[PDB]
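Chain identifiers are assigned alphabetically (A, B, ...) following the order of the sequence lines, protein sequences preceding nucleic acid strands; residue numbering begins at 1 within each chain. The figures here come from the full heavy-atom set of this structure, side chains too, leaving out hydrogens, waters and symmetry mates.
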Amino acid sequence: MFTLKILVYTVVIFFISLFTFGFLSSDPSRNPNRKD
Amino acid sequence: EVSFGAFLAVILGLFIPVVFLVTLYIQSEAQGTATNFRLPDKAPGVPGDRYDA
Amino acid sequence: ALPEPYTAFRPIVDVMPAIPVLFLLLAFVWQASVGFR
Amino acid sequence: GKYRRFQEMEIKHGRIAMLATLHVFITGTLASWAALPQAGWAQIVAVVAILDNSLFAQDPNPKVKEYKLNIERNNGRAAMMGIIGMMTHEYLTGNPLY
Amino acid sequence: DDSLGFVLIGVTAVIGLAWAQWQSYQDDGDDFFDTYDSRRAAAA
Amino acid sequence: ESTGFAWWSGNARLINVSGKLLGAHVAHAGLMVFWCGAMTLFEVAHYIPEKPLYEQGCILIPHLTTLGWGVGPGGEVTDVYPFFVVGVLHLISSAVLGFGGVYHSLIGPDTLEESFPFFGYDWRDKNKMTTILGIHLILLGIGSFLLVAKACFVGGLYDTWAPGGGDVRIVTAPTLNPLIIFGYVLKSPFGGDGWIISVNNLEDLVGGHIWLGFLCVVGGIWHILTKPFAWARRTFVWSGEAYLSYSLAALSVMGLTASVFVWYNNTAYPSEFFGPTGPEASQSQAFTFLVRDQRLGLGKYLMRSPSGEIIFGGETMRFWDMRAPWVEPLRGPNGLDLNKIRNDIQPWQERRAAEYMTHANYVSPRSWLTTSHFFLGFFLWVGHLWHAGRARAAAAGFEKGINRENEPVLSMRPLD
Amino acid sequence: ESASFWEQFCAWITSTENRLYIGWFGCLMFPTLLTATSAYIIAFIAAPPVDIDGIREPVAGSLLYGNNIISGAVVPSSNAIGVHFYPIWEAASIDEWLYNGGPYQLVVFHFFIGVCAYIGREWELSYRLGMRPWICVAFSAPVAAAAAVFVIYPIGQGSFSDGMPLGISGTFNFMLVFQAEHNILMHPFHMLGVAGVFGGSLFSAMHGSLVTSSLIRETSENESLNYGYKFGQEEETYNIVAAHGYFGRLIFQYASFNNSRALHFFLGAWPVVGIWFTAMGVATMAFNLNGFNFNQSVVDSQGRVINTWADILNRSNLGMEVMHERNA
Amino acid sequence: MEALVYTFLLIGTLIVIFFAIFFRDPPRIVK
Ligand code: CLA
Ligand code: CLA
Ligand code: KC1
Ligand SMILES: CC1=C(/C=C/C(C)=C/C=C/C(C)=C/C=C/C=C(C)/C=C/C=C(C)/C=C/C2=C(C)CCCC2(C)C)C(C)(C)CCC1
Ligand SMILES: CC1=C(/C=C/C(C)=C/C=C/C(C)=C/C=C/C=C(C)/C=C/C=C(C)/C=C/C2=C(C)CCCC2(C)C)C(C)(C)CCC1
Ligand SMILES: [Fe+2]
């Protein structure tokens, strides 16, 4: 079904974009030895 | 052909040791000995203090 | 095979592949000579 | 803050739109867009990007020149209006309807 | 939808605008000399 | 000790020593060129003229016949001399590189940042590292352009898909359409369409190398003339170990890709010098058996696919996506045309498939290349994991261990 | 001045106060692993038989179709598919998708993405907690083995039907067919893997018995000795010098790994390297680089072949091979 | 009947795993 393909595509792209933009959100700073 | 004795072997072989473990834990909770985050016994029959008071 | 003017260089060719790998063992014996500083 | 962005936005949008007008005037839009190989368009897009970011990048920080930029800003506003309609006149009429 | 690229473009836009909103109040304009950037402007 | 690294991790002492790092890198490059030249010298010394290249364990000579050096029509090897001069040139360049690396490592300027500010660098100076990356990107684009010069102007490239059995053909119309070229990159990696591996002709090859050379050149001047943006500066780790880890991830990806490439693709690796692929050999067996059965005087040797494709039956049906230069003349619109099978089967295709039957104790050079570069790609991914973790932890500052005075976990509230 | 929604989302995702750490790698790990888990459970309980061979003879793998937990499996994809991408939307019907082994492809791909993201998540939590990041390198060995058994061997053989079935008896069938076709037992990398697994069990039992032997007395009589250790204590819970003296006197005068750092490095390194090598052996045997062939290695003066143990092993391999090659 | 028993056993195992994860004994650090 095309609708199932659309839903799976948008779910996959949603989680991949969550991963990608999350690692771009200053990830090396999120560590306990952060210099204030 | 459903093996009649095999059903009891699976059921009673699972129920009886599960019952024994559950009964042992519940009476252990009543005595305050069902946690490993407590000190060793201060006296015979007296459980040690818990780590968080 | 090898060209005619360089056919006398046949025996040296067979040991040509083993020179890169023996450089790795040269690093181990160099450290063993200095006592693994 | 928004005015600083809008100021450089208007002059540079105009400046690109000027050179587009002189291109279609000396060549006599969408016809050249398709006739040109896409390697050339990628070649053009590349050299603009290096220019816009490195060699012609704005650093964030006399009566003749102050009027000349106002002339440039005014002529940029006209060149911007013409270009977006010029493609549409190629889109529908095919040729600039004189 | 139809060409399957709008699903790609549309979703990374929506999460992209959320990321851009977070990026707006980040004082990352100044360049640092370090192995990693420890500056993260947490509003709350 | 002084740096804390033991002897078994002694090359880690060269991280902040740029002069000796340059010496070590140039010496390793000299070793690489030495192996290249010595291996092609070894292969030409043991080369038997009557046997094919894949029957005598040759991996470097087939890389030269693909470039159109010393190869005749049909894949025949004519002259060994071009391979010999390639080997001699690589030997001499290796001697030069080894001398330069030994000099820079031993008696060269140690920590050359002060003496040569153009060559000196700091790992955190993002402008300098982007400049170095841009220069080397320009060199890589120049190398791709050198391959295009070989393909389109100097001699040519061996086209295995040429009519009659393949020939060295000079390509004059490269596929410059970015839709096809980048649809190869954006192609799915599964069966049927095999991502970049599915390149089936010389035109897309030389056109894609034109596009890659142009992209590498413009990216090189871009990285030379610019600096990383704020998002890139806040995302990455700016240290030598981090750059090594990124390179390790990229090199691992490329190693796995080349392993699958030499396993499946028969265009950049023709079956005349590297031998047939696995699917190629299986369909060769099926095709030669069908030729015998047809010469004896639907058939069980073929089957009708659900997509209307006439393909070989049996266990060979899983390789129905195989394309070979000796099947395509007999393959029409719906696949294996029955009319084309027994009408115009040329005798050069008959011997080639019979030759590929026996090369189904023997290990093909495709198998050696695939297995070796796969091993290297996987272990380079492992090295990427190691160096990426160590770079991130050393940048943050706890690569030496957990500080006893301020343990981070003790300051967090309990999980439950 | 209010915090953006993305800031709160990033704070919650990378929070170390969650019961299970999520992280950015977990943003890929949790939906993929929960997809493969539910799909595996459904396909294991109820799924119609899969025609794996491609010749209209299906193999039953679900509980509802007459097999138990041992013989139950998610049968690999059909031989007609090969290495073709077969999602649920590219099949004409759900019945045809289940007939061709689509659940195998779905579960395997989601599981592979999930375990790679699990490696990344282990690194991520090691980074947020301020510890050294090489547990993920240790987990990279079973992940490599799973990749070689589920993805890479089908790539080399050209069909996902040759992948390992997601079941117990299917795993045994994969092992027997692999031995018949490649002689993995005589492969040096499988020998390194068996050495790694056997040695890992040896070293685990050895280290555990050495520590358990030298526990310092802290509890009363017949009370469990595990109460002698306090969670978060600083002092050592066992006598290291006594265990070292025992291990030294056990084999030869000075053999104890006196430094516990290199002892634990050796413990972490030996089975990981062994599993790495057996994974690479399985992956290289996908491209027909088989194990050692010592067939007909001993002949008499007149040329007659004197068998060895390798010949008996070859006879077993030949029996499995002729029973597997169904009308080759 | 047998498949029902197999399903019950597997689901019960997963329930035990769920309880062992989320209703575990909370680790307390000794003071
Ligand atoms: C281009 C690739 C590259 C580069 C430049 C580096 C660079 C570095 N690494 Mg990294 N690494 C890589 C790839 C790389 N590595 C890969 C692919 C892996 C996965 C195996 C690793 C895993 C790794 C670890 C686990 C460690 C390093 C460490 C180091 C540092 C010291 C290395 C050293 O002193 O060598 C010494 C070299 C040896 C002792 C050689 C050992 C013998 C090898 C394994 C033989 C291999 C067999 C060979 C192919 C055939 C030989 C057969 C026979 C002749 C014996 C140095 C900064 C060390 C450091 O402390 O961190 C910064 C460290 O602990 N690396
Ligand atoms: C690709 C291999 C390679 C290369 C190029 C290097 C490079 C280097 N290493 Mg590493 N190393 C390696 C592999 C390598 N290493 C391996 C496998 C190990 C594990 C055993 C090490 C362990 C190690 C340690 C423990 C140390 C180094 C150090 C160094 C640096 C100084 C070496 C020195 O002082 O030599 C002196 C050598 C001699 C006096 C004897 C050798 C003389 C020459 C070089 C022998 C070869 C001659 C050659 C054939 C001549 C051809 C010339 C002709 C072509 C014209 C140098 C940049 C040091 C460092 O990091 O910084 C100072 C250091 O402390 N290395
Ligand atoms: C200032 C310079 C200028 C002149 C002098 C001019 C002239 C004409 N325009 Mg144009 N045009 C723009 C600029 C100019 N137009 C701009 C900025 C836009 C984008 C908003 C634009 C868009 C359209 C569209 C969609 C259509 C269009 C047309 C005509 C046509 C009317 C016929 C008439 O006068 O009776 C005459 C020649 C119609 C057409 O093409 O023929 C029917 C038509 O459908 N225009
Ligand atoms: C620093 C260091 C190092 C390194 C170094 C290196 C690695 C080096 C390299 C080196 C090199 C890399 C070398 C090269 C050389 C070469 C040569 C020396 C050449 C020669 C040639 C010839 C002699 C030839 C001849 C011929 C001909 C022409 C023809 C045919 C025949 C023949 C072949 C004979 C080491 C680690 C060790 C140690 C530590 C320190
Ligand atoms: C030669 C040739 C060719 C080719 C060409 C081309 C066109 C290419 C391209 C290529 C390309 C175009 C590539 C690309 C790539 C990309 C990549 C590889 C990416 C990656 C990424 C990354 C790495 C990132 C990451 C991240 C994230 C995601 C998040 C945040 C963090 C980070 C940043 C880390 C062809 C095939 C046609 C044909 C044959 C020949
Ligand atoms: Fe321990």
Side-chain angles (χ1 to χ4, degrees), chain C residues 24-25 27-37, chain F residues 1 4-10 379 382 386 400-402, chain G residues 131-132 134-135 137-142 144-145 184-219 221-230 233-281 291-292 294 309-310 313:
Chain C
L24 165 67
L25 286 322
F28 269 79
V29 297
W30 158 52
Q31 291 307 125
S33 72
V34 314
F36 308 114
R37 298 172 323 179
Chain F
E1 61 149 50
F5 298 114
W7 71 268
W8 48 264
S9 50
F379 268 103
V382 159
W386 182 275
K400 288 318 163 253
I402 292 155
Chain G
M131 34 185 278
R132 280 133 66 80
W134 295 311
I135 309 202
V137 188
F139 187 47
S140 83
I184 177 156
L185 282 184
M186 296 282 306
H187 203 283
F189 282 1
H190 184 257
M191 297 151 175
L192 277 178
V194 172
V197 165
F198 275 170
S201 277
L202 194 159
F203 301 149
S204 154
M206 194 69 228
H207 186 98
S209 65
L210 278 175
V211 173
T212 313
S213 285
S214 51
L215 289 188
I216 300 169
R217 192 200 200 285
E218 285 295 304
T219 52
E221 285 326 322
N222 268 284
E223 199 205 326
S224 164
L225 271 86
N226 296 349
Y227 285 100
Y229 175 76
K230 267 78 75 174
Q233 84 183 31
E234 190 176 311
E235 51 263 357
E236 253 288 359
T237 200
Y238 72 98
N239 205 353
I240 178 78
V241 57
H244 278 349
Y246 172 83
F247 194 59
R249 248 168 298 261
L250 187 55
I251 56 199
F252 64 54
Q253 190 256 295
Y254 177 68
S256 71
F257 261 137
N258 233 49
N259 158 278
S260 288
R261 198 164 171 185
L263 164 62
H264 292 91
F265 165 72
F266 181 71
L267 294 178
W270 176 279
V272 159
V273 173
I275 290 303
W276 273 342
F277 270 107
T278 195
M280 276 316 104
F292 286 137
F294 290 126
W309 284 113
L313 194 63

>> Quick check: closest heavy atoms across G/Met131 and F/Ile402, and the distance to 0.1 Å?
In response: CB-CD1, 4.2 Å

>> Does this structure show an ion pair linking G/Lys230 with G/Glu234, if we count only N-O contacts that are shorter than 4.0 Å?
In response: no

> Of G/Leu263, G/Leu202, G/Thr212, which meets side-chain contact (heavy atoms from CB on, under 4.5 Å) against G/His207?
Replying inline: G/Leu263

> Okay, side chain of F/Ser9, backbone of F/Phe5: is any donor-acceptor separation there less than 3.5 Å?
Replying inline: no

>> To the nearest 0.5 Å, what is the distance between CD1 on G/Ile240 and OG on G/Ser214?
In response: 7.0 Å

> Which pair of heavy atoms, one from G/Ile275 and one from G/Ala141, lies closest together, and at what distance?
Replying inline: CG2-O, 3.4 Å

> Do the side chains of G/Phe277 and G/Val273 get nearer than 4.5 Å, heavy atoms only?
Replying inline: yes

> Where is the tightest heavy-atom contact between G/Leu313 and G/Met186, given as atom of each residue plus distance?
Replying inline: CD2-CG, 3.7 Å

> If every non-hydrogen atom of G/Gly228 is compared with every non-hydrogen atom of G/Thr219, which pair is closest and at what distance?
Replying inline: N-CG2, 3.4 Å

>> Can you give me the closest heavy-atom contact between G/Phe189 and G/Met280, atom names plus distance?
In response: CD2-C, 4.1 Å

> Going through the checks in order, is the side chain to side chain contact (heavy atoms under 4.5 Å, CB included) test met by C/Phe28 and C/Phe36?
Replying inline: CA-CA 9 Å; C/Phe28 269 79; C/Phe36 308 114; 5.7 Å; no

>> Nearest 0.5 angstrom please: G/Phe203 CZ to G/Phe266 CZ, how far?
In response: 4.0 Å

> Which pair of heavy atoms, one from G/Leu250 and one from G/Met206, lies closest together, and at what distance?
Replying inline: CD2-CE, 4.2 Å

>> Under a 3.5 Å distance rule, please check whether G/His187 uses its side chain to pair with a backbone N or O of G/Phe292 as donor and acceptor.
In response: no

>> With a 6.0 Å cut-off (strictly less than), is the heavy-atom count around CG of G/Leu192, excluding the residue itself, greater than 12?
In response: yes

>> More than 12 heavy atoms of other residues, nucleotides or ligands under 6.0 Å from OH of G/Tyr238: yes or no?
In response: yes

>> I need the full list of side chain to side chain donor-acceptor pair (under 3.5 Å) pairs touching residues 266-281 of chain G, with sequence neighbours left out, sorted by first then second residue.
In response: G/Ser140-G/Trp276

> Atom CG of G/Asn226 and atom OG1 of G/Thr237: how far apart are they, to the nearest 0.5 Å?
Replying inline: 9.0 Å

> Hey, does G/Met191 have a side-chain heavy atom less than 4.5 Å from the side chain of G/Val194?
Replying inline: no

> Within the side chain of C/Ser33, is there an N or O that forms a donor-acceptor pair under 3.5 Å with the backbone of C/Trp30?
Replying inline: yes

> Does atom CZ of G/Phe198 have more than 12 heavy-atom neighbours, drawn from other residues, nucleotides or ligands, at distances under 6.0 Å?
Replying inline: no

